[PDB]
>>> print(open('protein_7.csv').read())   # CSV, C-alpha atoms
chain,number,residue,atom,x,y,z
A,8,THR,CA,27.7,38.6,-22.0
A,9,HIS,CA,26.7,36.2,-24.8
A,10,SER,CA,23.3,34.6,-25.1
A,11,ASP,CA,21.5,32.6,-27.8
A,12,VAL,CA,17.8,31.6,-28.2
A,13,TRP,CA,18.2,28.7,-25.8
A,14,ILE,CA,20.8,29.9,-23.2
A,15,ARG,CA,20.5,33.2,-21.4
A,16,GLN,CA,23.6,34.5,-19.7
A,17,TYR,CA,22.4,37.4,-17.5
A,18,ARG,CA,25.7,38.4,-15.9
A,19,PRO,CA,29.4,38.3,-16.9
A,20,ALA,CA,31.5,35.5,-15.4
A,21,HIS,CA,35.2,35.1,-14.8
A,22,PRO,CA,37.0,32.8,-17.3
A,23,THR,CA,37.9,30.5,-14.4
A,24,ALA,CA,34.2,30.4,-13.3
A,25,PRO,CA,32.5,27.1,-13.0
A,26,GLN,CA,29.3,26.8,-15.0
A,27,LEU,CA,25.8,26.4,-13.7
A,28,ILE,CA,23.1,25.4,-16.1
A,29,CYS,CA,19.6,26.2,-14.7
A,30,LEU,CA,16.4,24.5,-16.0
A,31,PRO,CA,13.1,26.2,-15.2
A,32,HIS,CA,10.0,24.5,-13.9
A,33,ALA,CA,6.8,24.0,-16.0
A,34,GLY,CA,5.5,27.4,-17.0
A,35,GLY,CA,8.8,29.0,-16.0
A,36,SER,CA,11.2,31.1,-18.1
A,37,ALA,CA,14.9,31.7,-18.0
A,38,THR,CA,14.3,35.0,-16.3
A,39,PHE,CA,13.3,33.0,-13.2
A,40,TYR,CA,17.0,32.4,-12.6
A,41,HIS,CA,18.1,36.0,-12.7
A,42,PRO,CA,18.6,36.1,-8.9
A,43,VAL,CA,20.9,33.1,-9.1
A,44,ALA,CA,23.0,34.8,-11.9
A,45,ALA,CA,23.1,38.0,-9.8
A,46,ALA,CA,24.1,36.2,-6.6
A,47,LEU,CA,26.8,33.8,-8.0
A,48,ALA,CA,28.3,35.8,-10.9
A,49,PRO,CA,31.1,36.6,-11.7
A,50,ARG,CA,32.4,33.8,-9.6
A,51,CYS,CA,30.0,31.4,-11.4
A,52,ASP,CA,28.8,31.4,-15.0
A,53,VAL,CA,25.1,31.1,-14.6
A,54,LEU,CA,23.3,29.9,-17.7
A,55,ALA,CA,19.5,30.0,-17.7
A,56,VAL,CA,17.5,28.0,-20.3
A,57,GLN,CA,14.6,29.5,-22.2
A,58,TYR,CA,12.3,26.8,-23.6
A,59,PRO,CA,10.4,27.5,-26.8
A,60,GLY,CA,7.0,29.1,-26.5
A,61,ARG,CA,7.5,31.7,-23.9
A,62,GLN,CA,8.4,35.4,-23.9
A,63,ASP,CA,10.7,36.1,-26.9
A,64,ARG,CA,10.1,32.5,-28.1
A,65,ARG,CA,6.3,32.7,-27.9
A,66,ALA,CA,6.0,32.3,-31.7
A,67,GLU,CA,7.9,29.0,-31.5
A,68,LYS,CA,5.7,25.9,-30.9
A,69,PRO,CA,6.3,24.7,-27.3
A,70,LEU,CA,7.8,21.3,-26.8
A,71,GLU,CA,5.7,18.5,-25.2
A,72,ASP,CA,8.4,15.9,-24.2
A,73,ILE,CA,11.4,16.0,-21.9
A,74,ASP,CA,13.5,13.9,-24.2
A,75,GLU,CA,12.8,16.3,-27.1
A,76,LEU,CA,13.6,19.3,-24.9
A,77,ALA,CA,16.9,17.5,-23.9
A,78,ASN,CA,17.7,16.2,-27.4
A,79,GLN,CA,17.3,19.7,-28.9
A,80,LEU,CA,19.0,21.5,-25.9
A,81,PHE,CA,22.0,19.2,-25.6
A,82,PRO,CA,23.9,20.2,-28.8
A,83,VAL,CA,23.4,23.8,-27.9
A,84,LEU,CA,24.7,23.4,-24.4
A,85,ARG,CA,27.5,21.2,-25.8
A,86,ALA,CA,28.9,24.1,-27.8
A,87,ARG,CA,28.9,26.3,-24.7
A,88,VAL,CA,29.8,23.7,-22.0
A,89,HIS,CA,33.1,24.3,-20.1
A,90,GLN,CA,33.9,22.1,-17.1
A,91,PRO,CA,33.6,22.4,-14.2
A,92,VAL,CA,29.8,22.4,-14.9
A,93,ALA,CA,26.8,21.8,-12.7
A,94,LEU,CA,23.1,21.5,-13.4
A,95,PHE,CA,20.2,22.9,-11.4
A,96,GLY,CA,16.5,22.1,-12.1
A,97,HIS,CA,13.3,22.8,-10.3
A,98,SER,CA,10.3,20.6,-10.7
A,99,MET,CA,10.0,19.6,-14.3
A,100,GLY,CA,13.4,21.3,-14.8
A,101,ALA,CA,14.9,18.7,-12.4
A,102,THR,CA,13.9,15.8,-14.8
A,103,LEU,CA,15.3,17.8,-17.7
A,104,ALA,CA,18.4,18.4,-15.7
A,105,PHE,CA,18.7,14.7,-15.0
A,106,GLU,CA,18.2,13.8,-18.7
A,107,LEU,CA,20.9,16.4,-19.7
A,108,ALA,CA,23.2,14.9,-17.1
A,109,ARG,CA,22.8,11.4,-18.7
A,110,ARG,CA,23.7,12.9,-22.0
A,111,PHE,CA,26.8,14.8,-20.7
A,112,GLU,CA,28.1,11.6,-19.1
A,113,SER,CA,27.5,9.5,-22.2
A,114,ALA,CA,29.5,12.1,-24.1
A,115,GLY,CA,32.4,11.8,-21.5
A,116,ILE,CA,31.6,15.1,-19.9
A,117,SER,CA,31.8,14.9,-16.1
A,118,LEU,CA,29.5,17.0,-14.0
A,119,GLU,CA,30.4,18.6,-10.6
A,120,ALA,CA,26.9,18.2,-9.3
A,121,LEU,CA,23.3,17.5,-10.4
A,122,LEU,CA,21.0,19.7,-8.1
A,123,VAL,CA,17.3,18.6,-8.3
A,124,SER,CA,14.5,20.5,-6.5
A,125,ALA,CA,10.9,19.5,-5.8
A,126,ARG,CA,10.7,16.5,-8.1
A,127,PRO,CA,10.4,12.7,-7.6
A,128,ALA,CA,13.2,10.6,-8.8
A,129,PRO,CA,12.9,9.6,-12.4
A,130,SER,CA,12.3,6.0,-11.3
A,131,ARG,CA,9.5,7.3,-9.1
A,132,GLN,CA,7.7,9.4,-11.7
A,133,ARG,CA,4.0,9.6,-10.9
A,134,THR,CA,1.8,8.2,-13.6
A,135,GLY,CA,-1.6,9.5,-14.6
A,136,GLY,CA,-1.2,13.3,-14.4
A,137,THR,CA,-4.0,15.1,-16.3
A,138,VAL,CA,-3.3,18.8,-15.8
A,139,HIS,CA,-2.1,19.1,-19.4
A,140,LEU,CA,-5.5,17.6,-20.5
A,141,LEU,CA,-7.7,20.2,-18.9
A,142,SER,CA,-9.8,22.6,-20.9
A,143,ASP,CA,-8.4,26.1,-21.5
A,144,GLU,CA,-10.8,27.3,-18.8
A,145,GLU,CA,-10.1,24.4,-16.4
A,146,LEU,CA,-6.4,24.9,-17.0
A,147,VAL,CA,-6.2,28.5,-15.9
A,148,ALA,CA,-8.4,27.8,-12.9
A,149,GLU,CA,-6.2,25.0,-11.7
A,150,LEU,CA,-3.2,27.4,-12.1
A,151,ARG,CA,-4.3,29.2,-9.0
A,166,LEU,CA,-1.8,37.2,-21.4
A,167,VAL,CA,-2.4,33.8,-19.8
A,168,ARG,CA,-4.0,32.6,-23.1
A,169,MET,CA,-0.8,33.7,-24.9
A,170,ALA,CA,1.2,31.7,-22.4
A,171,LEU,CA,-1.2,28.8,-21.9
A,172,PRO,CA,0.0,26.8,-24.9
A,173,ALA,CA,3.5,26.9,-23.4
A,174,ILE,CA,2.3,26.0,-19.9
A,175,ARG,CA,0.2,23.1,-21.2
A,176,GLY,CA,3.1,21.8,-23.3
A,177,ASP,CA,5.4,22.1,-20.2
A,178,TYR,CA,3.0,20.3,-18.0
A,179,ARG,CA,2.4,17.6,-20.7
A,180,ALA,CA,6.2,17.1,-20.7
A,181,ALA,CA,6.3,16.8,-16.9
A,182,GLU,CA,3.3,14.5,-16.7
A,183,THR,CA,3.9,12.1,-19.6
A,184,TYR,CA,7.6,11.6,-18.9
A,185,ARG,CA,8.6,7.8,-19.1
A,186,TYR,CA,12.0,7.0,-17.4
A,187,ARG,CA,13.9,4.6,-19.6
A,188,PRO,CA,16.5,2.7,-17.5
A,189,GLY,CA,20.1,3.3,-18.3
A,190,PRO,CA,23.6,3.5,-16.8
A,191,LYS,CA,23.6,5.2,-13.4
A,192,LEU,CA,25.1,8.6,-13.2
A,193,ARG,CA,28.6,9.0,-11.4
A,194,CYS,CA,28.3,12.8,-10.7
A,195,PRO,CA,27.0,13.9,-7.0
A,196,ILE,CA,23.3,14.4,-6.8
A,197,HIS,CA,21.9,16.9,-4.3
A,198,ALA,CA,18.1,16.8,-3.9
A,199,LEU,CA,16.1,19.6,-2.4
A,200,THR,CA,12.5,19.3,-1.4
A,201,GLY,CA,9.8,21.0,0.7
A,202,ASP,CA,8.4,19.3,3.7
A,203,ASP,CA,4.8,20.1,2.7
A,204,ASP,CA,4.8,19.3,-0.9
A,205,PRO,CA,1.9,16.9,-2.0
A,206,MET,CA,3.7,16.2,-5.3
A,207,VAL,CA,7.0,14.9,-3.7
A,208,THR,CA,7.1,12.4,-0.9
A,209,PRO,CA,10.2,11.9,1.2
A,210,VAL,CA,10.8,8.5,-0.4
A,211,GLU,CA,10.3,10.0,-3.9
A,212,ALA,CA,13.0,12.5,-3.2
A,213,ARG,CA,15.3,10.1,-1.5
A,214,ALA,CA,15.0,7.8,-4.5
A,215,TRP,CA,17.3,10.2,-6.4
A,216,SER,CA,20.1,8.4,-4.5
A,217,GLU,CA,19.4,5.3,-6.7
A,218,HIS,CA,20.4,7.2,-9.9
A,219,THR,CA,24.0,7.9,-9.2
A,220,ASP,CA,27.0,6.0,-7.9
A,221,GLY,CA,28.5,9.2,-6.6
A,222,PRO,CA,27.6,10.9,-3.3
A,223,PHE,CA,24.0,11.8,-2.5
A,224,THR,CA,22.6,14.4,-0.2
A,225,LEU,CA,19.0,15.4,0.5
A,226,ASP,CA,18.0,18.7,2.1
A,227,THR,CA,14.4,19.4,3.2
A,228,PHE,CA,13.0,22.9,3.7
A,229,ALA,CA,9.9,24.2,5.5
A,230,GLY,CA,7.5,24.8,2.6
A,231,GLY,CA,5.8,23.3,-0.4
A,232,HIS,CA,6.5,22.9,-4.1
A,233,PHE,CA,8.0,26.5,-4.4
A,234,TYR,CA,9.8,26.4,-1.0
A,235,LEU,CA,12.8,27.8,-2.9
A,236,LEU,CA,11.4,31.3,-3.1
A,237,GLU,CA,11.5,31.5,0.7
A,238,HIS,CA,14.9,29.7,0.9
A,239,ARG,CA,16.8,31.5,-1.9
A,240,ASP,CA,19.9,32.5,0.0
A,241,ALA,CA,20.2,29.1,1.6
A,242,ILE,CA,19.9,27.3,-1.8
A,243,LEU,CA,22.4,29.8,-3.3
A,244,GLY,CA,24.9,28.8,-0.5
A,245,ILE,CA,24.3,25.2,-1.3
A,246,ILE,CA,24.9,25.7,-5.0
A,247,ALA,CA,28.0,27.8,-4.2
A,248,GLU,CA,29.4,25.1,-1.9
A,249,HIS,CA,29.1,22.5,-4.8
A,250,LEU,CA,30.9,24.8,-7.2
A,251,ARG,CA,33.6,25.9,-4.7
A,252,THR,CA,32.5,29.6,-4.6
A,253,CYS,CA,30.8,32.1,-2.3
A,254,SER,CA,27.3,33.7,-2.6
A,255,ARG,CA,26.4,37.4,-2.6
>>> encode(input="protein_7.csv", output="structure tokens")
Amino acid sequence: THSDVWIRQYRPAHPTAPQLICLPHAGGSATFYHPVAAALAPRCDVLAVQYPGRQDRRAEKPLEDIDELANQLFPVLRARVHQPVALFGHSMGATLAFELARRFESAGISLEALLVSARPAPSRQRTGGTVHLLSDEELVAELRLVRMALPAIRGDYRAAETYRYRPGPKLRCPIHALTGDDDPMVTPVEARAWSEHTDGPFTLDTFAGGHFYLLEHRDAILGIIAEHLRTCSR
């Protein structure tokens, strides 16, 4: 395997393998996607992104803006990208995945799919989130070693909550949205609105659960991912 500071490749992949770039949620690390790597490789090259400020990057100042995360991450992913390539993001990672998709397409790099989980459409971003503004003590409480990780969690939340969608050209790549049926942070319309951001095909799948439904539906989501990349799951 070959990994850098940003992009963690947990398993070896065939040279023919399609690429899956996985964006963690707020407070998440690249290790969150180890089950995806294990289940799809070597038939899929699973690349998991490690944002600054966590684990081995704890010394780095955490980023506070999705566009800054994307702008810094895109050149790195550019040097590794190999089509066919797909993106998967959960929660805040879904917005980052969408922003990265916008940048791939503007660079003439087609995407096999954009998979977005538990996140309103960029055009339906909820304004007025304040979790990132809570005191250290009020922060940890609402999140229910943590102080070492809190600056990175706060920065991630700040990025999720202060995101401002700037209108631009629609995507052309397929968008597959995935949501829980009991998620106070994503309404059905908010999830369906992802259809308004691509001229390609759109599909929305709902699962029994909340914001982290995907922990209970891993095998199902892996089969959905594999279907998009023309592979099988383990």
>>> closest_residue(input="protein_7.csv", among="A:215, A:58, A:17, A:39", to="residue 180 in chain A", atoms="only C-alpha atoms")
A:58
>>> residues_near_point(input="protein_7.csv", point="(27.9, 11.9, -22.0)", cutoff="12 Å", atoms="only C-alpha atoms", output="PyMOL selection string")
chain A and resi 81-82+85+88+105-118+190-194
>>> atom_distance(input="protein_7.csv", atom1="CA of residue 38 in chain A", atom2="CA of residue 74 in chain A")
22.5 Å
>>> closest_residue(input="protein_7.csv", among="A:251, A:18, A:187, A:197", to="residue 225 in chain A", atoms="all atoms listed in the file")
A:197
>>> residues_near_point(input="protein_7.csv", point="(29.1, 20.0, -8.9)", cutoff="7 Å", atoms="only C-alpha atoms", output="mmCIF file with C-alpha atoms, in the coordinates of the input")
data_model
loop_
_atom_site.group_PDB
_atom_site.id
_atom_site.type_symbol
_atom_site.label_atom_id
_atom_site.label_comp_id
_atom_site.auth_asym_id
_atom_site.auth_seq_id
_atom_site.Cartn_x
_atom_site.Cartn_y
_atom_site.Cartn_z
ATOM 1 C CA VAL A 92 29.800 22.400 -14.900
ATOM 2 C CA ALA A 93 26.800 21.800 -12.700
ATOM 3 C CA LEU A 118 29.500 17.000 -14.000
ATOM 4 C CA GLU A 119 30.400 18.600 -10.600
ATOM 5 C CA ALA A 120 26.900 18.200 -9.300
ATOM 6 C CA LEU A 121 23.300 17.500 -10.400
ATOM 7 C CA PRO A 195 27.000 13.900 -7.000
ATOM 8 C CA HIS A 249 29.100 22.500 -4.800
ATOM 9 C CA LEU A 250 30.900 24.800 -7.200
#
>>> closest_residue(input="protein_7.csv", among="A:176, A:230, A:189, A:31", to="residue 95 in chain A", atoms="all atoms listed in the file")
A:31
>>> closest_residue(input="protein_7.csv", among="A:20, A:242, A:12, A:170", to="residue 37 in chain A", atoms="all atoms listed in the file")
A:12
>>> closest_residue(input="protein_7.csv", among="A:253, A:247, A:27, A:173", to="residue 67 in chain A", atoms="all atoms listed in the file")
A:173
>>> atom_distance(input="protein_7.csv", atom1="CA of residue 218 in chain A", atom2="CA of residue 122 in chain A")
12.6 Å
>>> atom_distance(input="protein_7.csv", atom1="CA of residue 91 in chain A", atom2="CA of residue 26 in chain A")
6.2 Å
>>> residues_around(input="protein_7.csv", residues="residue 71 in chain A", least_positions_apart="5", cutoff="10 Å", atoms="all atoms listed in the file", output="ChimeraX atom specification")
/A:76,139,173-184
>>> closest_residue(input="protein_7.csv", among="A:89, A:169, A:145, A:44", to="residue 61 in chain A", atoms="only C-alpha atoms")
A:169
>>> residues_around(input="protein_7.csv", residues="residue 15 in chain A", least_positions_apart="6", cutoff="12 Å", atoms="only C-alpha atoms", output="mmCIF file with C-alpha atoms, keeping the file's coordinate frame")
data_model
loop_
_atom_site.group_PDB
_atom_site.id
_atom_site.type_symbol
_atom_site.label_atom_id
_atom_site.label_comp_id
_atom_site.auth_asym_id
_atom_site.auth_seq_id
_atom_site.Cartn_x
_atom_site.Cartn_y
_atom_site.Cartn_z
ATOM 1 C CA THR A 8 27.700 38.600 -22.000
ATOM 2 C CA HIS A 9 26.700 36.200 -24.800
ATOM 3 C CA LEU A 27 25.800 26.400 -13.700
ATOM 4 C CA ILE A 28 23.100 25.400 -16.100
ATOM 5 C CA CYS A 29 19.600 26.200 -14.700
ATOM 6 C CA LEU A 30 16.400 24.500 -16.000
ATOM 7 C CA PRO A 31 13.100 26.200 -15.200
ATOM 8 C CA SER A 36 11.200 31.100 -18.100
ATOM 9 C CA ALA A 37 14.900 31.700 -18.000
ATOM 10 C CA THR A 38 14.300 35.000 -16.300
ATOM 11 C CA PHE A 39 13.300 33.000 -13.200
ATOM 12 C CA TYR A 40 17.000 32.400 -12.600
ATOM 13 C CA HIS A 41 18.100 36.000 -12.700
ATOM 14 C CA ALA A 44 23.000 34.800 -11.900
ATOM 15 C CA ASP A 52 28.800 31.400 -15.000
ATOM 16 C CA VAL A 53 25.100 31.100 -14.600
ATOM 17 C CA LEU A 54 23.300 29.900 -17.700
ATOM 18 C CA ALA A 55 19.500 30.000 -17.700
ATOM 19 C CA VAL A 56 17.500 28.000 -20.300
ATOM 20 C CA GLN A 57 14.600 29.500 -22.200
ATOM 21 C CA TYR A 58 12.300 26.800 -23.600
ATOM 22 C CA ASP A 63 10.700 36.100 -26.900
ATOM 23 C CA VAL A 83 23.400 23.800 -27.900
ATOM 24 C CA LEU A 84 24.700 23.400 -24.400
ATOM 25 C CA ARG A 87 28.900 26.300 -24.700
#
>>> residues_around(input="protein_7.csv", residues="residue 226 in chain A", least_positions_apart="5", cutoff="7 Å", atoms="all atoms listed in the file", output="PyMOL selection string")
chain A and resi 198-200
>>> decode(input="protein_7.csv", residues="range 108-148 of chain A", atoms="N, CA and C atoms", output="PDB file, in the first residue's frame")
ATOM      1  N   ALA A 108     -16.317  16.861  -5.738  1.00  0.00           N
ATOM      2  CA  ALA A 108     -16.880  16.475  -7.026  1.00  0.00           C
ATOM      3  C   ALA A 108     -16.938  17.660  -7.978  1.00  0.00           C
ATOM      4  N   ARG A 109     -17.377  18.802  -7.474  1.00  0.00           N
ATOM      5  CA  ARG A 109     -17.402  20.016  -8.267  1.00  0.00           C
ATOM      6  C   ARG A 109     -16.038  20.315  -8.841  1.00  0.00           C
ATOM      7  N   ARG A 110     -14.981  20.130  -8.037  1.00  0.00           N
ATOM      8  CA  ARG A 110     -13.625  20.418  -8.503  1.00  0.00           C
ATOM      9  C   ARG A 110     -13.101  19.377  -9.502  1.00  0.00           C
ATOM     10  N   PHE A 111     -13.443  18.107  -9.311  1.00  0.00           N
ATOM     11  CA  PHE A 111     -13.059  17.090 -10.277  1.00  0.00           C
ATOM     12  C   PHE A 111     -13.662  17.395 -11.633  1.00  0.00           C
ATOM     13  N   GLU A 112     -14.963  17.717 -11.661  1.00  0.00           N
ATOM     14  CA  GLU A 112     -15.654  17.964 -12.919  1.00  0.00           C
ATOM     15  C   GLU A 112     -15.123  19.208 -13.609  1.00  0.00           C
ATOM     16  N   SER A 113     -14.885  20.286 -12.862  1.00  0.00           N
ATOM     17  CA  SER A 113     -14.314  21.477 -13.492  1.00  0.00           C
ATOM     18  C   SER A 113     -12.938  21.189 -14.079  1.00  0.00           C
ATOM     19  N   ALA A 114     -12.243  20.194 -13.551  1.00  0.00           N
ATOM     20  CA  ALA A 114     -10.949  19.796 -14.085  1.00  0.00           C
ATOM     21  C   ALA A 114     -11.072  18.757 -15.190  1.00  0.00           C
ATOM     22  N   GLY A 115     -12.290  18.450 -15.634  1.00  0.00           N
ATOM     23  CA  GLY A 115     -12.534  17.487 -16.687  1.00  0.00           C
ATOM     24  C   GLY A 115     -12.460  16.041 -16.263  1.00  0.00           C
ATOM     25  N   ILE A 116     -12.529  15.765 -14.966  1.00  0.00           N
ATOM     26  CA  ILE A 116     -12.400  14.414 -14.421  1.00  0.00           C
ATOM     27  C   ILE A 116     -13.796  13.938 -14.057  1.00  0.00           C
ATOM     28  N   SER A 117     -14.337  13.022 -14.852  1.00  0.00           N
ATOM     29  CA  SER A 117     -15.653  12.466 -14.603  1.00  0.00           C
ATOM     30  C   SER A 117     -15.630  11.551 -13.378  1.00  0.00           C
ATOM     31  N   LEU A 118     -16.767  11.514 -12.675  1.00  0.00           N
ATOM     32  CA  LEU A 118     -16.956  10.665 -11.503  1.00  0.00           C
ATOM     33  C   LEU A 118     -17.996   9.581 -11.768  1.00  0.00           C
ATOM     34  N   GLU A 119     -17.716   8.361 -11.314  1.00  0.00           N
ATOM     35  CA  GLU A 119     -18.684   7.278 -11.476  1.00  0.00           C
ATOM     36  C   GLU A 119     -19.924   7.514 -10.624  1.00  0.00           C
ATOM     37  N   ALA A 120     -19.731   7.951  -9.390  1.00  0.00           N
ATOM     38  CA  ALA A 120     -20.860   8.273  -8.545  1.00  0.00           C
ATOM     39  C   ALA A 120     -20.400   9.218  -7.448  1.00  0.00           C
ATOM     40  N   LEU A 121     -21.354  10.015  -6.939  1.00  0.00           N
ATOM     41  CA  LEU A 121     -21.194  10.760  -5.694  1.00  0.00           C
ATOM     42  C   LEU A 121     -22.207  10.166  -4.711  1.00  0.00           C
ATOM     43  N   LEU A 122     -21.724   9.472  -3.662  1.00  0.00           N
ATOM     44  CA  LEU A 122     -22.568   8.886  -2.619  1.00  0.00           C
ATOM     45  C   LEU A 122     -22.513   9.794  -1.392  1.00  0.00           C
ATOM     46  N   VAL A 123     -23.675  10.256  -0.953  1.00  0.00           N
ATOM     47  CA  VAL A 123     -23.775  11.225   0.130  1.00  0.00           C
ATOM     48  C   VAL A 123     -24.746  10.698   1.173  1.00  0.00           C
ATOM     49  N   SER A 124     -24.298  10.645   2.412  1.00  0.00           N
ATOM     50  CA  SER A 124     -25.023   9.991   3.484  1.00  0.00           C
ATOM     51  C   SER A 124     -25.299  11.014   4.566  1.00  0.00           C
ATOM     52  N   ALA A 125     -26.536  11.045   5.050  1.00  0.00           N
ATOM     53  CA  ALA A 125     -26.960  11.772   6.230  1.00  0.00           C
ATOM     54  C   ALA A 125     -26.555  13.237   6.153  1.00  0.00           C
ATOM     55  N   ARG A 126     -26.997  13.906   5.123  1.00  0.00           N
ATOM     56  CA  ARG A 126     -26.652  15.323   4.978  1.00  0.00           C
ATOM     57  C   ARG A 126     -27.640  16.033   4.055  1.00  0.00           C
ATOM     58  N   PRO A 127     -28.161  17.202   4.436  1.00  0.00           N
ATOM     59  CA  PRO A 127     -29.037  17.933   3.518  1.00  0.00           C
ATOM     60  C   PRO A 127     -28.267  18.280   2.253  1.00  0.00           C
ATOM     61  N   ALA A 128     -28.996  18.439   1.161  1.00  0.00           N
ATOM     62  CA  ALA A 128     -28.417  19.002  -0.061  1.00  0.00           C
ATOM     63  C   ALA A 128     -27.650  20.296   0.212  1.00  0.00           C
ATOM     64  N   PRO A 129     -26.592  20.570  -0.537  1.00  0.00           N
ATOM     65  CA  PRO A 129     -25.868  21.833  -0.315  1.00  0.00           C
ATOM     66  C   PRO A 129     -26.758  23.055  -0.419  1.00  0.00           C
ATOM     67  N   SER A 130     -27.753  23.030  -1.313  1.00  0.00           N
ATOM     68  CA  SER A 130     -28.731  24.105  -1.422  1.00  0.00           C
ATOM     69  C   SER A 130     -29.741  24.125  -0.273  1.00  0.00           C
ATOM     70  N   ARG A 131     -29.727  23.132   0.605  1.00  0.00           N
ATOM     71  CA  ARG A 131     -30.621  23.113   1.755  1.00  0.00           C
ATOM     72  C   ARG A 131     -29.859  23.097   3.077  1.00  0.00           C
ATOM     73  N   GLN A 132     -28.599  23.515   3.059  1.00  0.00           N
ATOM     74  CA  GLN A 132     -27.829  23.701   4.281  1.00  0.00           C
ATOM     75  C   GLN A 132     -28.634  24.464   5.331  1.00  0.00           C
ATOM     76  N   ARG A 133     -28.679  23.915   6.547  1.00  0.00           N
ATOM     77  CA  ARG A 133     -29.363  24.555   7.664  1.00  0.00           C
ATOM     78  C   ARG A 133     -28.481  25.659   8.238  1.00  0.00           C
ATOM     79  N   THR A 134     -29.000  26.874   8.265  1.00  0.00           N
ATOM     80  CA  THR A 134     -28.291  28.006   8.836  1.00  0.00           C
ATOM     81  C   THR A 134     -28.510  28.066  10.341  1.00  0.00           C
ATOM     82  N   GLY A 135     -27.537  28.646  11.035  1.00  0.00           N
ATOM     83  CA  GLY A 135     -27.691  28.937  12.444  1.00  0.00           C
ATOM     84  C   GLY A 135     -27.255  27.857  13.406  1.00  0.00           C
ATOM     85  N   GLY A 136     -26.460  26.885  12.958  1.00  0.00           N
ATOM     86  CA  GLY A 136     -25.905  25.900  13.878  1.00  0.00           C
ATOM     87  C   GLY A 136     -24.892  26.534  14.818  1.00  0.00           C
ATOM     88  N   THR A 137     -24.867  26.062  16.071  1.00  0.00           N
ATOM     89  CA  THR A 137     -24.066  26.711  17.108  1.00  0.00           C
ATOM     90  C   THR A 137     -23.233  25.719  17.914  1.00  0.00           C
ATOM     91  N   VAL A 138     -23.238  24.439  17.550  1.00  0.00           N
ATOM     92  CA  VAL A 138     -22.481  23.451  18.318  1.00  0.00           C
ATOM     93  C   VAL A 138     -21.007  23.840  18.392  1.00  0.00           C
ATOM     94  N   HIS A 139     -20.463  24.374  17.304  1.00  0.00           N
ATOM     95  CA  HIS A 139     -19.063  24.774  17.283  1.00  0.00           C
ATOM     96  C   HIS A 139     -18.776  25.960  18.191  1.00  0.00           C
ATOM     97  N   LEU A 140     -19.791  26.692  18.631  1.00  0.00           N
ATOM     98  CA  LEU A 140     -19.629  27.851  19.492  1.00  0.00           C
ATOM     99  C   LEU A 140     -19.778  27.529  20.969  1.00  0.00           C
ATOM    100  N   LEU A 141     -20.092  26.288  21.325  1.00  0.00           N
ATOM    101  CA  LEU A 141     -20.263  25.943  22.731  1.00  0.00           C
ATOM    102  C   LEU A 141     -18.938  25.982  23.489  1.00  0.00           C
ATOM    103  N   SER A 142     -19.030  26.233  24.792  1.00  0.00           N
ATOM    104  CA  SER A 142     -17.867  26.158  25.658  1.00  0.00           C
ATOM    105  C   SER A 142     -17.271  24.755  25.615  1.00  0.00           C
ATOM    106  N   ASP A 143     -16.015  24.652  26.052  1.00  0.00           N
ATOM    107  CA  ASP A 143     -15.356  23.351  26.085  1.00  0.00           C
ATOM    108  C   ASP A 143     -16.224  22.319  26.802  1.00  0.00           C
ATOM    109  N   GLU A 144     -16.761  22.724  27.940  1.00  0.00           N
ATOM    110  CA  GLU A 144     -17.583  21.879  28.825  1.00  0.00           C
ATOM    111  C   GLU A 144     -18.932  21.591  28.172  1.00  0.00           C
ATOM    112  N   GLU A 145     -19.573  22.602  27.601  1.00  0.00           N
ATOM    113  CA  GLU A 145     -20.850  22.422  26.929  1.00  0.00           C
ATOM    114  C   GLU A 145     -20.670  21.630  25.644  1.00  0.00           C
ATOM    115  N   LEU A 146     -19.474  21.696  25.055  1.00  0.00           N
ATOM    116  CA  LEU A 146     -19.189  20.935  23.846  1.00  0.00           C
ATOM    117  C   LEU A 146     -19.198  19.447  24.134  1.00  0.00           C
ATOM    118  N   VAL A 147     -18.362  19.010  25.074  1.00  0.00           N
ATOM    119  CA  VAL A 147     -18.254  17.590  25.383  1.00  0.00           C
ATOM    120  C   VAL A 147     -19.602  17.037  25.827  1.00  0.00           C
ATOM    121  N   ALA A 148     -20.352  17.828  26.601  1.00  0.00           N
ATOM    122  CA  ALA A 148     -21.658  17.380  27.066  1.00  0.00           C
ATOM    123  C   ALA A 148     -22.584  17.099  25.891  1.00  0.00           C
TER     124      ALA A 148
END
